[PDB]
Amino acid sequence: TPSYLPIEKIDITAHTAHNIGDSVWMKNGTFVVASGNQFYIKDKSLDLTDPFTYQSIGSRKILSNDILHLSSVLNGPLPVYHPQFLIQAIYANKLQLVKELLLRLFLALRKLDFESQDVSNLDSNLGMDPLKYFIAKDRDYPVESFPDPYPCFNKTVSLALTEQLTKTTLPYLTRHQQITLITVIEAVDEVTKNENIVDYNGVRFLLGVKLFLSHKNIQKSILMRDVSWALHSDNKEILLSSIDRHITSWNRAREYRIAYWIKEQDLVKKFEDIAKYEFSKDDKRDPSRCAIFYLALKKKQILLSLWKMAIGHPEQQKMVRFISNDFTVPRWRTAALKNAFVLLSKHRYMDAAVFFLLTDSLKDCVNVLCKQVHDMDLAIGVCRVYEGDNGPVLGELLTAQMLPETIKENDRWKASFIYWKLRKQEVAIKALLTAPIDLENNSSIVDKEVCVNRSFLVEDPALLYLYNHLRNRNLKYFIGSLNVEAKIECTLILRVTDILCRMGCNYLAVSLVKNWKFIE
Amino acid sequence: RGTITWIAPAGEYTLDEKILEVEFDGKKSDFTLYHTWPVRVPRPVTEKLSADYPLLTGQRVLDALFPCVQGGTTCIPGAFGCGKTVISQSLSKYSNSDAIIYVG
Amino acid sequence: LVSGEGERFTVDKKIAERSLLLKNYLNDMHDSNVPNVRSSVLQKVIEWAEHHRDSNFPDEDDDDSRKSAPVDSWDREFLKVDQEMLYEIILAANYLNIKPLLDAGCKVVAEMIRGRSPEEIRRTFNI
Ligand SMILES: Nc1ncnc2c1ncn2[C@@H]1O[C@H](COP(=O)(O)OP(=O)(O)O)[C@@H](O)[C@H]1O
Ligand SMILES: [Mg+2]
């Protein structure tokens, strides 16, 4: 969205051809305009026929029709039920608080309906005590109870809320924001079920994917934020089993970026299943598609059998006669390399990667997968299943193909992931705070002026919440240097606030500054 | 085939100066600005397409009545003074072709 | 003992002992043996410490206290001088481990944000 949005076009020209003489705001938004000896004082109300006012107000509902009130709706603290506040209170370790706010929202809506009062009377803070937002830790939250008919947030309250939110239009919320609020209710319902199993980097990932499902129109794969939430979770098995139902095809194992974070011991099984599916696609049986998954696993024999049973395919006779050889033989190794480089010139990139993997030249299979096929997701998967979980070919691939673009794009999620897969944990944790161009002589990769800068560098509060997690688990790497680390923690805390404040979550900014623990 | 071990920078090079080094199976090969090809072996292509664009000569009869396409094969039988060579040269002059190989 | 960006102050005093960080990092127990804080906010914090030099607080041992109570009016007016600087004043009070200023800043900023909601704006600003 633009940082500024027009809300009125005071068109004095519609009455006189004389140019505006002078313009001056005054008390309560009164905008006095002068021309000749003749003033055009406009009050702070709004004319809904204007295209600017109509577009800025959008679908919202506002108590007063004012430029002052409108400018206090498009900006300023969020109502505590706003979806952008609830997801940000979930990313911060305040899930219990979000559950309580949803319960209070239900109670307030029932109160309004029972008294037949208009919903616009709904309290923005839902009668919450502000100190609740400042509680340092999720398990220290005083989760009080309510009267018997609905004592604590649960499935019944969830369904009642999802009904009410369709039977009423919450104030200040564009209908799309209300849809995302309903999806947040569903996500909290899911988390409450899994809340007893997955640590809280599992809860953040679960909400990330549940929000992804509602935005497949504009979002083509879970952000690297969610991949990094899951990558550092201790319960990757639970997350994978929760999103498994959606991973039927490779195109859906590439949306959830499973190759990045799922455990190698599950990535092997997922390649087996994805090979099964990719073979028996909608069209017909074709061992060409599932070749890479079966070779990466080192199951050339299954691929050979697959080619054999594919009697109808035109390529069958050549491939059965070729693949059956033993590619430890130098002559056949060179023959397979030659065929791989021929297929790279006949524009058959996937087959070139397959052949480059027959001979165990992984460094050439993964470079054909990430550079000519454009699947870094599949390259990482093949690296992780074929050779091992972390490096050595994966390290070179990431440092060559991903690190430069990450530095140019100034992306710190990718940089942290890369320095994690290189098992450079001590600097992988630091890459979350300091920009990639300043890490490990990365300035040698690209000139500092080529990198993105200016307003495009919008912070990401979650990026800090991850650090405070890793920083606390990997203290061994931070005891050696405290003053230098604090010098940048105290900068990124004040730069993460001032976006938590610019995105309306002031209550979370105060919590972040209040509760941050400096490692003395 | 192979992995570019070295690629020359922009500048003026004679045909004999090395321009590229490429390693395949640990063996390094050197490539200049030219290469030799057996004239009796056809040069490979990824796939053979279907010729669908006209070979617009300058001749009304050949363009309208008996058109040829880019990538087609045509023959011009005739006696010893009916213009097989004048047609050939007019085509070499005014055809759409980006390059002409005139074989006598 | 003072911020490097042109920041200076009384090297030590009964006030500087108010900061529980300086209770150990201010050469406390010298017989047995600031960088982060911004200059202006450092001045503000020492002003608050000097003002309360003649007061006492229950510290973390307040149990039910240390919260759920109105803030001192002078502290209210003193901190309510800048919305953007109040967060970094809270962060400074956090780094120095000074509980009373932290509590006061959190109360003040919580009330600011609560009073910025549209309902409170209409109920207290124009009505
Ligand atoms: N399109 C033409 N316009 C004018 N004269 C032509 C044309 N085509 C052929 N001729 C004449 O015919 C002569 C003999 O034809 P030539 O081009 O040698 O073909 P061929 O090799 O079949 O004999 C040419 O030298 C020229 O004088
Ligand atoms: Mg002739």
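Each value in this text was obtained by applying a stated rule to the coordinates, not by laboratory testing. Reconstructed Cβ throughout: ideal geometry from the backbone, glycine too, with neighbour counts over all protein chains shown.
So is A:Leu433 outside any helix (DSSP H, G or I), within 21 Å of the chain's Cα centre (by Cα) and not polar (S, T, N, Q) or not?
Yes: the conditions hold for A:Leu433.
Looking at the stretch B:76-100, which of its residues are within 16 Å of ligand 2 (Cβ to nearest atom) and either of a type in the set (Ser, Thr, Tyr) or under 13 Å from B:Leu62 (Cβ atoms) (or both)?
Residues satisfying the conditions are B:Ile76, B:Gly83, B:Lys84, B:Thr85, B:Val86, B:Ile87, B:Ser88, B:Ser90, B:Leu91, B:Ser92.
Mind listing just one residue for me: the one in the stretch A:54-88 that is away from chain C (no Cβ under 11 Å), in contact with a helix residue (DSSP H, G or I) (Cβ under 8 Å, 6 or more places away or on another chain) and of a type in the set (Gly, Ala, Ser) and, of those, surrounded by the most Cβ atoms within 10 Å (Cβ to Cβ)?
Across the stretch A:54-88, the extreme among qualifying residues is A:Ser56.
Can you confirm whether the stretch C:31-41 contains a residue that is more than 14 Å from chain A (Cβ to nearest Cβ) and of a type in the set (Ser, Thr, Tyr)?
Yes, the conditions are met somewhere in the stretch C:31-41.
Conditions: (1) within 16 Å of C:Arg8 (Cβ to Cβ); (2) buried (at least 16 other Cβ atoms within 10 Å of the Cβ). C:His52 meets all but one. Number of the miss?
Tallying (1) within 16 Å of C:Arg8 (Cβ to Cβ); (2) buried (at least 16 other Cβ atoms within 10 Å of the Cβ), C:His52 fails exactly one: (1).
From the residues in the stretch C:111-127 that are part of a helix (DSSP H, G or I) and aliphatic (A, V, I, L, M), which one is farthest from the other protein chains (Cβ to nearest Cβ)?
Across the stretch C:111-127, the extreme among qualifying residues is C:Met112.
Could you go through the stretch A:336-349 and let me know if any residue there is over 29 Å from A:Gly391 (Cβ atoms), over 32 Å from the mean Cα position of the chain (by Cα), away from chain B (no Cβ under 14 Å) and not aliphatic (A, V, I, L, M).
Looking for residues that are over 29 Å from A:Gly391 (Cβ atoms), over 32 Å from the mean Cα position of the chain (by Cα), away from chain B (no Cβ under 14 Å) and not aliphatic (A, V, I, L, M), one finds none in the stretch A:336-349, hence no.
Run down A:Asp113, A:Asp189 and say which single residue is more than 30 Å from A:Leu231 (Cα to Cα), part of a helix (DSSP H, G or I) and of a type in the set (D, E, K, R).
A:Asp113 is the lone residue from the list that is more than 30 Å from A:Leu231 (Cα to Cα), part of a helix (DSSP H, G or I) and of a type in the set (D, E, K, R).
Restricting the search to the stretch A:494-520, which residues are more than 18 Å from A:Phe85 (Cα to Cα), in contact with a helix residue (DSSP H, G or I) (Cβ under 6 Å, 6 or more places away or on another chain) and aliphatic (A, V, I, L, M)?
Hit for the stretch A:494-520 is A:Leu494, nothing else.
Within the stretch B:64-102, which residues are in contact with a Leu (Cβ under 6 Å, 6 or more places away or on another chain) and either loosely packed, with under 13 Cβ neighbours inside 10 Å or of a type in the set (D, E, K, R) (or both)?
Scanning the stretch B:64-102 gives a single hit, B:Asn96.
Scan the helices (runs of 4 or more DSSP H) fully inside the stretch A:452-520 and keep the ones with 1 or more residues being surrounded by fewer than 14 Cβ atoms within 10 Å (Cβ to Cβ).
In the stretch A:452-520, A:461-473, A:483-496 are the helices (runs of 4 or more DSSP H) which contain 1 or more residues that are surrounded by fewer than 14 Cβ atoms within 10 Å (Cβ to Cβ).
Which members of the stretch A:350-370 meet the condition of being of a type in the set (D, E, K, R) and more than 11 Å from every other protein chain (Cβ to nearest Cβ)?
Within the stretch A:350-370, A:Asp351, A:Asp360 meet the criteria.
Report, by residue number, each residue of the stretch A:1-32 that is of a type in the set (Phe, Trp, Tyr) and surrounded by 10 or more Cβ atoms within 10 Å (Cβ to Cβ).
A:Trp25, A:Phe31, listed by residue number.
Criterion first (touching a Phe, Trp or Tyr at 6+ places or on another chain (Cβ under 9 Å), over 30 Å from B:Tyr13 (Cα atoms) and more than 16 Å from ligand 2 (Cβ to nearest atom)) does B:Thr57 satisfy it?
yes
Could you go through the stretch A:9-21 and let me know if any residue there is over 32 Å from the mean Cα position of the chain (by Cα) and among the basic types (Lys, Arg).
The answer is yes, given that some residue of the stretch A:9-21 is over 32 Å from the mean Cα position of the chain (by Cα) and among the basic types (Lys, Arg).
For the stretch A:260-276: of the residues being part of a helix (DSSP H, G or I) and either among the β-branched types (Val, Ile, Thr) or more than 27 Å from the chain's Cα centre (by Cα) (or both), which is surrounded by the fewest Cβ atoms within 10 Å (Cβ to Cβ)?
A:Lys276
Would you point out the residue of the stretch C:74-95, among those that are surrounded by 14 or more Cβ atoms within 10 Å (Cβ to Cβ) and aliphatic (A, V, I, L, M), that is farthest from the chain's Cα centre (by Cα)?
That would be C:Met85.
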